[PDB]
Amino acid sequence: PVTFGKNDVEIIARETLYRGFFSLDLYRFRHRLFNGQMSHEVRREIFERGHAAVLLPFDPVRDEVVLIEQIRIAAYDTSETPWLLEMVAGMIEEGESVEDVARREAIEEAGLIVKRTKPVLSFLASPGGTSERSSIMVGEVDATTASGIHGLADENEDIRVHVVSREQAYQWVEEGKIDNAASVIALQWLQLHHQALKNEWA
């Protein structure tokens, strides 16, 4: 299919338009057009916020999924509520692996000690404006052990764990009740592979 590669791109320069917790960078480049010629200089403002590890907590025995609820203020303007039902996830630091970030986050966010893990899919959230890549892992979990609300809150990350059947979690995606990219992709993947995953982990 795709034939053009990095040798068909000429990155002239990159600049940081804003640098705070996250960064907004300007990529200035030329690339090959489908007629074979090179383009003029193109400018693109890219949102740089590192990359993420996502963990789909799935209990094979109970056929349940563990969801974490937390506020995502960015969802405010286009959603009925900024509190979303999500997957366990966290930013990949230094030389951490996607598996260890996923397993560590399952402990911090859901109080779950993941057993067997298996890679799922790795996706670009929105290639047109952010470099962010998210790698999904499905982790074998015992849903009966998720933690509850924290008495003394972590105001940087206040989470409430929800345990639902796999079928209901999938239905909520179909219904738009779960609509963040990581959860949609992970739960759609589960719906497409659950019998095989259950048999494998049986």
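Don't overthink the numbering: it's just position in the shown sequence, from 1.
Coverage remark for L55: present in the model in all other entries compared whose chains are built on both sides, leaving no third without it.
In the comparison with other entries of the same protein, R43 is given coordinates in all of those covering both sides of it, so it never reaches the one-third threshold. In this entry, 7-15 shows the higher mean Cα temperature factor of the pair 184-192 and 7-15.
For the pair 67-75 and 89-97, the mean B factor over Cα atoms is greater in 89-97. Note on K177, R133, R166, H150: the highest value goes to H150, judged by CA B factor as recorded. Per the deposited record, the Cα B-factor of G36 falls in the highest third when ranked against the other modelled residues of its chain.
Ranked by Cα temperature factor within the chain, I159 sits in the middle third according to the deposited record. The PDB entry assigns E48 a C-alpha temperature factor belonging to the highest third of its chain's modelled residues.
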